[PDB]
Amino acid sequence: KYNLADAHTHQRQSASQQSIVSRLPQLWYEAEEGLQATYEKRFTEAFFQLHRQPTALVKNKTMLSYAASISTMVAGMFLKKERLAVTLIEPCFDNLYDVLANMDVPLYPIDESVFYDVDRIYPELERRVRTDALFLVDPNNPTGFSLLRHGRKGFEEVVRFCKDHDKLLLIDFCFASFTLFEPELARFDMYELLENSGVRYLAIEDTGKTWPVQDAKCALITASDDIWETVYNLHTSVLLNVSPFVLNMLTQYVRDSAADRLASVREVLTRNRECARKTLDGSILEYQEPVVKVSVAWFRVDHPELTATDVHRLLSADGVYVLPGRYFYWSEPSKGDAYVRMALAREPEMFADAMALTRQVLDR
């Protein structure tokens, strides 16, 4: 009855978002009469204006695809062509591991904790990264961790390591919208740093996890200049273009959220996050406070005998579906037996009823 598993957005539209919905027929006919490149440009401009990445608009080399996983498969084709193995963040949503493993990319974990202490990032990477590519997810799914806890310096140390040691840096920024307008955490211009450093890089951005667009979405990939041509040709074999109708619609959502400083996104997540925290405080599910207020909540199982598999089974029996941590510790899923993830992009009334039932199950 209560799906708290997939992180996809299932909350309803805000009042101003209902006005976008009412304009869908005009957005359709506009895209029919206009030029594909016009809608690509207007979308990319609106997106990187909201995210405050002006360097990306100056370079104007970003490519659009149906979804972040499709951008990731383009990166996977590049990794295979260049015989690159990947050191990948753990924990991480395991579909990322799976799609790269299904492309036969060799994969080795690096634990998130190597990034907790800014002055240990570089020596820890020198000791632990023994592949020619490093794949990070920032802010991380499921933990909400971000190098932005360190200001600029955390990302600067990662980039310094990769440049010094001739590593390809891949970064999935799908959750970066949840840093925006934060006084201390708002993302700086990452593309300025990536370009200035000369590091080889692939950077993936997303709309699907931010807005309630029913997965009618677009992802963005940007490559360093030295691999841009190869990556462009890989990308064009996947698709010619994203729907200009979808691009037109998404541009309205981006502009709407610039106008309200992402309030309609943030307020829904905050309501459910606080309801989860208050309802489960003192329960066997121990809330793990995230660096960034992302759209998922992460819990440690605090019980002498019960594991995350048990909590998963017990909640499922009563109609509440969460995800056990084995789906995020992809290199040794046994490590995930102490954690559970819950989705927060939900209607607050259904979420609050799910939390009431969850606490009743956990108590029994």
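In this text, residue numbers run from 1 along the sequence as written.
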Pick between 89-97 and 194-202: the one whose mean CA B-factor in the entry is higher.
89-97
As stated in the PDB record, which stretch has the larger average Cα B-factor, 32-40 or 315-323?
315-323
Reading the B-factor column of the entry, which of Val58, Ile70, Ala338, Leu27 has the highest value at its C-alpha atom?
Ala338
Take the CA temperature factors straight from the PDB entry and tell me which of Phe145, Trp228, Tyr287, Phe178 peaks.
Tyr287
Relative to the other modelled residues of the same chain, rank the CA B-factor of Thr279 and answer lowest, middle or highest third.
highest
Looking at the C-alpha B-factor of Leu125, is it in the lowest, middle or highest third of its chain?
middle
Give the position of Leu64 by CA B-factor within its chain, expressed as the lowest, middle or highest third.
lowest
Split the chain's modelled residues into thirds by Cα B-factor; is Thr131 in the lowest, middle or highest one?
lowest
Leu269 - Cα temperature factor, lowest/middle/highest third of chain
highest
